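Computed over heavy atoms, backbone and side chain alike; hydrogens, waters and symmetry mates excluded. Letters A, B, ... are given to chains in the order of the sequence lines, protein chains preceding strands, and every chain is numbered from 1.
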Amino acid sequence: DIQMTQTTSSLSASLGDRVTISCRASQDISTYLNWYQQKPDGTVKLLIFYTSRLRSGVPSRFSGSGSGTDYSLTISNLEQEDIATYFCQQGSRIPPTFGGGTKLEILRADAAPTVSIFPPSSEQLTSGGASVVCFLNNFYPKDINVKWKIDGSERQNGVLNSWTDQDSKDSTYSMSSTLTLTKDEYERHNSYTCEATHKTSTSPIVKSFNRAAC
Amino acid sequence: XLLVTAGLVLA
Amino acid sequence: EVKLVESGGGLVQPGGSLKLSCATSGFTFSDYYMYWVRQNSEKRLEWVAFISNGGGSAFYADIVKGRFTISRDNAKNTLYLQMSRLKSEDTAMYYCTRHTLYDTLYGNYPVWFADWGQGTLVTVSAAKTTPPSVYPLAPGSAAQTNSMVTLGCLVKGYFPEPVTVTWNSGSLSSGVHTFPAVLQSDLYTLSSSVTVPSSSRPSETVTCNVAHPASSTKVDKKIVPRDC
């Protein structure tokens with residue numbers, strides 16, 4: 001097959017900026033190159049075909065050039081809407097082969113997370129387990145670090161951390177950290193702390209509950 | 001016509 | 001507009017068979033070539049097969065040649081992928097699309113993937129389907145002297161994907177955040193939060209509605225105020 005190579009898999013730029021996504025074919029693909037946009041929810045659409053030709057309904061902002069093995073998608077003026085993953089695909093030989101994607105992220109002003117800490121629910125406990133949840137919502141940049149501390153000591157095992165994708169309207173991220181223990185382990189301790197470290201703050205962001213002042 | 005393979009197709 | 005809707009995914013043991021369909025409307029199906037494309041966990045897209053509008057020729061990607069059959073019922077606007085001899089590698093979101101021949105001055109340019117559908121996930125595995133246990137997360141005991149209140153819902157220990165989490169069946173969509181599912185051990189956990197104002201809960205009720213189709217499960221959880 002022909003191998004398509006996208007030089008960058010993630011780039012972040014500000015609204016208004018001009019962003020050029022690049023693609024490179026292992027072989028001359030004669031301008032038979034198409035660009036696709038897969039948005040955060042799986043939806044995919046044709047953006048440009050025959051390397052420079054835009055399809056109807058797509059903004060003038062998208063332009064595409066190339067010769068031989070080198071191709072580019074330029075998004076003249078980044079709008080909010082353009083957060084998605086862009087794929088080139090060659091149509092010169094069979095099979096059609098896709099490039100790996102370039103995720104675009106929009107750079108924005110720093111926002112410190114709103115953290116909330118949730119004690120285990122009664123239904124969980126009666127059943128056996130104790131899971132304490134920590135929501136660190138709406139922040140920027142993506143890079144954040146959470147530590148759980150149970151009666152002063154950090155606990156590192158049994159933690160599941162998930163980030164959302166960049167929120168389409170305010171370009172923010174949200175993260176959820178769950179610590180799971182057995183009811184028995186859980187009742188052997190009285191203070192649970194969720195500690196977030198992020199750029200917007202000097203001092204860690206701290207949420208706590210004491211199982212009696214819960 | 002309806003050719004759908006690689007390159008420019010006419011009828 | 002044009003609608004491509006694929007249905008048919010779910011768990012299948014390795015060695016199994018599953019059959020996808022793709023309902024097409026808003027265009028004369030008989031005049032379009034139909035295609036299947038697939039994308040795995042690593043986000044790599046892969047072309048799997050195509051069939052000509054007539055039904056006559058079907059062409060296959062080597063990795064599925066001999067194991068997958070493609071077919072169409074022109075009379076019902078539906079296209080199929082019968083998948084047999086599945087291997088775990090086949091785990092992917094499967095998409096269906098139609099061709100479009102665009103006008104160039106000196107020829108027509110054939111686009112195979114012009115219009116795509118939403119997709120249908122197939123997980124190929126020996127793991128038994130497990131239903132999710134759903135837990136309401138309500139605020140801690142220290143009296144809410146905040147404007148907004150965040151409530152949450154934990155949906156724990158299920159398999160396969162996907163699971164649909166709504167809040168009050170659609171009525172709360174502002175401030176909703178549903179986190180991706182992470183495979184913890186052999187089973188997934190996801191969570192979701194909503195921020196409603198202090199004048200709304202506890203007064204009016206909040207509910208996370210969660211559905212896991214693979215075990216045919218739908219649970220509704222009133223997140224109730226904390227007891228002491």
(message) Taking the side chain as everything from C-beta on, heavy atoms only, tell me whether C/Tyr35 gets closer than 4.5 Å to B/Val4.
(response) yes
(request) Start with the C-alpha gap between B/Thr5 and C/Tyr33, add the side-chain angles, then the distance that decides, and say whether side chain to side chain contact (heavy atoms under 4.5 Å, CB included) holds. (result) CA-CA 11 Å; B/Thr5 55; C/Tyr33 269 58; over 6 Å; no
(message) Please report the interatomic distance CG(B/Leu8) to CG(C/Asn108), rounded to the nearest 0.5 Å.
(response) 7.0 Å
(request) Grab the two heavy atoms, one from C/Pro110 and one from B/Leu3, that are nearest each other, plus how far apart they are. (result) CB-O, 4.5 Å
(request) Check the surroundings of atom NZ in C/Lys87: do more than 12 heavy atoms from other residues, nucleotides or ligands lie under 6.0 Å from it? (result) no
(request) Check the surroundings of atom NZ in C/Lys76: do more than 12 heavy atoms from other residues, nucleotides or ligands lie under 6.0 Å from it? (result) no
(message) In the structure I gave you, are the side-chain heavy atoms of C/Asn53 and B/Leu2 within less than 4.5 Å of one another anywhere?
(response) yes
(request) Using non-hydrogen atoms and a 4.5 Å limit, figure out which bit of C/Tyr102 sits close to chain B: side chain, backbone, both or neither. (result) neither
(request) Look at atom CG of C/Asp186 and say whether more than 12 heavy atoms of other residues, nucleotides or ligands are closer to it than 6.0 Å. (result) no
(request) Before giving the answer on side chain to side chain contact (heavy atoms under 4.5 Å, CB included), spell out for B/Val9 and C/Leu101 the whole-Å C-alpha distance, their side-chain angles and the decisive distance to 0.1 Å. (result) CA-CA 8 Å; B/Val9 147; C/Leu101 269 160; 3.9 Å; yes
(request) Kindly say whether B/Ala6 contributes a backbone atom to a donor-acceptor pair with the side chain of C/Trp112 at under 3.5 angstrom? (result) no
